[PDB]
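1. requesting a structural model of the entry that follows:
(3 chains)
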Amino acid sequence: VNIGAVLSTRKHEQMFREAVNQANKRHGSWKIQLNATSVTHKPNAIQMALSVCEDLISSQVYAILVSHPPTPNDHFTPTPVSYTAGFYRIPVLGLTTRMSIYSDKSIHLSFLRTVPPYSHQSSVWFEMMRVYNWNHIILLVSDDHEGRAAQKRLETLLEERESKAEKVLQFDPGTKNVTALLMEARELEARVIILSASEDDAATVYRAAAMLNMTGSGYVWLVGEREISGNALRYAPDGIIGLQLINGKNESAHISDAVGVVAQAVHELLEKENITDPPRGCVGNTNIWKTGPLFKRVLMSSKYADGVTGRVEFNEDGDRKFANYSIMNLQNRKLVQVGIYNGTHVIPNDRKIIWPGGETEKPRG
Amino acid sequence: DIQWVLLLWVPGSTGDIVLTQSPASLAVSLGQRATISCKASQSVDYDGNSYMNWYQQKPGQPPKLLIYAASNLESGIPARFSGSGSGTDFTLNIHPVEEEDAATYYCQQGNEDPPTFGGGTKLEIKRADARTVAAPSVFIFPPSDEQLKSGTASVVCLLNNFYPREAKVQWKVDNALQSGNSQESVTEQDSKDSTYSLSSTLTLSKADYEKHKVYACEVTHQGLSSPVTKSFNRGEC
Amino acid sequence: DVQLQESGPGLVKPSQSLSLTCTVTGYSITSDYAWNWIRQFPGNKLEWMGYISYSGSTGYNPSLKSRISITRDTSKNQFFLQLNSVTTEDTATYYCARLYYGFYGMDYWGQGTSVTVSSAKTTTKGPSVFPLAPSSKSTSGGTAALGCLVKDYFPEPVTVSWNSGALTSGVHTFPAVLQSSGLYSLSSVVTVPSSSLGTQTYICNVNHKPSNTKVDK
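-> Residues are numbered from 1 along each chain as shown, chains lettered A, B, ... in the order given. Coordinates below:
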């Protein structure tokens, strides 16, 4: 019943301690006897991996939590902990990164998160497209690694919608010669700009479009969670659709939601039989966790009746539960908002969608 | 050395004068008692009366000691009041409120070798009470194009009838989490209506002005309860 | 969002590395606002330095980057500063908080915290309190003749307040100039009625923040 944790900032450690101290038995009905422990992340990736391999798997932990922004790998992803704990089918909570490539179950056996990856963002964009009949759209994704998976998911969903897009290919990561493709898109069906790149890779496209006065009516800009922050708000046109998921921005709320999900998973595991401990990773031990596929099934293949989010219909991939969205608009950096996605269908809010074209009704998309 | 000359003439809320009576000034106009209590129960009673030489530094007249030691009238100042008192209680009831008796009485410590100051309560108008109010203007002067091209602009708002203590800087623009966009700029005060002047060096560049929707400020003072804010959009060069 | 208590040290060595207590207690720092120090000095305008990212990028101006190395502390969510060679113009009220990009208008205070480059010099001595007795035989027009007589203590950047200030019925701002000798005598007095004179004395509560001298009488 021992549970571990691996954070870097002191605030995350304090929040985890408070979460495991108070309101830890509220999730469910069984009186749990978990032994919560936390390990501070090392500045070096090898030393931290060694500490993980000598502490977590040796103490027979069931789940972890990685949510610190300043990762020691300088890539904003928990690489060593995941590569060390993937052998024992340990559900490495990679809620600190949104990379859709790492969320795939191909190269990562047990790697879940509570943050919508690029695949979930593309799914939400596709769901918003079919509402206003946005079939012929263009994709200006400049990123390659995750952009390939993004455009693959986009084209597969378009084929599943009995249709086919026109531009689903990439040109160059962070280029400045997009004038030709922009002039070609000036005489296309829809001006819906689909950009799912990084900070600088999207800022380059934003400034290149601003240099060509690409801020007319009908340009629906679909951004992600970490695409407009710090300085990308000025380069992007005023009125972008800024997607934001509940307990995704706040670190404390995200950690609380992750702890609640872990508690619900432990309770569901204790409800059934075959309650075995993972093999202790000592010297010479190369044993595989027997309850690995069953744990994956009770994590992603099953549903959750309670928890922090209090929603149902959990995704079959362990990426993010389909729930209500908090999509806020950024008209001149104000508190305006647009139609949010409520898990199953977009429901308009009190104030309607404001468009950068000048009007508030359906633009000339 | 313990008390030097401050920026303005009145002590104000945060003033370096401990011998002051009123925060801003006394509510005296003409022919009424204006007691300038400069009581100081410090180590100045060196076997006799406490030395207290109060003087004025009005613009145009050099600082001249009115009464030395608060006991004997100094030859050179016309007898226009009754300045007496021994120990710590100093009787300085200034009943005649004329154009000459409307300066900051700098109560200098006679037992202190370095020239000290005191008082500061100028006998002028005080529009800070319930009936006496002060409402400045509400027109916002648009910043010049040169200040916008130079990066560091200055959105100076027109404030004429206000006091240094009445500096409403708490703004509220669509829940803007910022800290620091102006200062408490003041100028010389007038004996007619206390005409001050407020300015603001708020930096506003081309990009910042481009990503700017409204400029609804808050000029709510004790007298100007309903200020007409000028929430203009971009392009007001 | 109002828990950003800007604490400025007043006992730092002159022309040395200034480490301002940039207390950031609130929303998570995820490169949302402009966390930088505003140099508001009388005589020159404020210069926009830059901002910090979620993990630390030091996106400040290239001019004040070599001799001004801005640090980042994500563990305690309270980063320090390394302002070396604090000159006369550098000594001013800084605003180390979050700023929304766009310059729409600040909701915080407009005074700041002056980081005075001072030490255990003659400017800060033992507060010599005096037995100020309220004289009932005094009528200063419509106001009273209260106040305190605390001298020879911490200069202007001290945090002297009224007797348990919770209402602040007269605690306003006032532009003042620093004294050459440093023996400041700031006596904050609220607007009290004339009837309050003699019945109850009001002595300012001189509270030294960097010196921890809670002596007032």
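2. spell out which parts of the stretch 101-250 of chain A neighbour chain C.
-> Along the stretch 101-250 of chain A, the residues adjacent to chain C under the rule C-beta under 8 Å from any C-beta of the partner chain are A:229-231, A:233-234, A:249-250. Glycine gets a C-beta too; all of them are placed from N, C-alpha and C.
3. so the residue in chain B positioned nearest to chain A is in which element?
-> Of the residues in chain B, the one nearest chain A is residue B:213, at a distance of 3.8 Å by C-beta to the nearest C-beta. Residue B:213 belongs to no helix or strand when elements are defined using DSSP states H and E.
4. hmm, it is touching residue A:335, no?
-> No. Here residue B:213 does not reach residue A:335: they are 11.0 Å apart, not a contact under C-beta atoms under 8 Å.
5. need the overlap of contacts for these two.
-> In the contact map built from C-beta atoms under 8 Å, 6 or more residues apart in numbering or on different chains, the residues linked to both residue B:213 and residue A:335 are residue B:174.
6. these two: who's more crowded?
-> When residue B:213 is set against residue A:335 and neighbours are counted by other C-beta atoms under 10 Å in any protein chain shown, the residue ahead is residue B:213, at 18 against 11.
7. from the centroid of chain C, which residue is nearest?
-> Centrality entry for chain C: nearest residue to the mean C-alpha point is residue C:113, 2.9 Å, by C-alpha atoms, centre = their mean.
8. check contacts around that residue.
-> Listed by C-beta under 8 Å, 6+ apart, the contact partners of residue C:113 are C:6-8, C:93-94, C:157.
9. residues touching residue A:248, list them.
-> So, once contact is read as C-beta under 8 Å, 6+ apart, residue A:248 ends up touching A:115-116, A:225, A:254.
10. nearest residue to residue A:126 other than its sequence neighbours?
-> Beyond its immediate neighbours in the sequence, the residue positioned closest to residue A:126 (C-beta to C-beta, 6 or more residues apart in numbering or on different chains) is residue A:157, lying 4.6 Å away.
11. swap that for residue B:94, please
-> Across the structure, with C-beta to C-beta, 6+ apart as the measure, the residue nearest residue B:94 apart from its sequence neighbours is residue B:34 (4.3 Å).
12. again with residue C:198
-> Counting by C-beta to C-beta, 6+ apart, the nearest residue to residue C:198 once its immediate chain neighbours are dropped is residue C:136, at 3.2 Å.
13. how about the helices in the stretch 51-200 of chain A?
-> Across the stretch 51-200 of chain A, reading from the start of the chain, the helices by DSSP state H, counting those that start in this stretch fall at A:79-85, A:118-131, A:145-160, A:179-185, A:199-211.
14. just so I know, which of these lies nearest residue A:300?
-> When the helices of the stretch 51-200 of chain A are compared for distance to residue A:300 using C-beta to C-beta, the nearest one is helix A:118-131, at 13.3 Å.
15. burial of the residue nearest to residue B:94, as a residue count?
-> Residues near residue B:34, counting by other C-beta under 10 Å, number 26.
16. which residues touch it?
-> B:26, B:28, B:93-95, B:97, B:123, C:140-141.
17. residue farthest from the centroid of chain A?
-> In chain A, the residue that sits farthest from the middle, by C-alpha atoms, centre = their mean, is residue A:284; the gap is 36.4 Å.
18. quick check: residue C:34 touching residue C:98?
-> Yes. Between residue C:34 and residue C:98 a contact is recorded at 7.1 Å, counting by C-beta under 8 Å.
19. can you map out the strands along chain A?
-> A:2-3, A:6-7, A:35-36, A:39-40, A:92-93, A:111-112, A:138-139, A:193-194, A:221-223, A:241-242, A:328-329, A:340-341, A:346-347 (DSSP state E).
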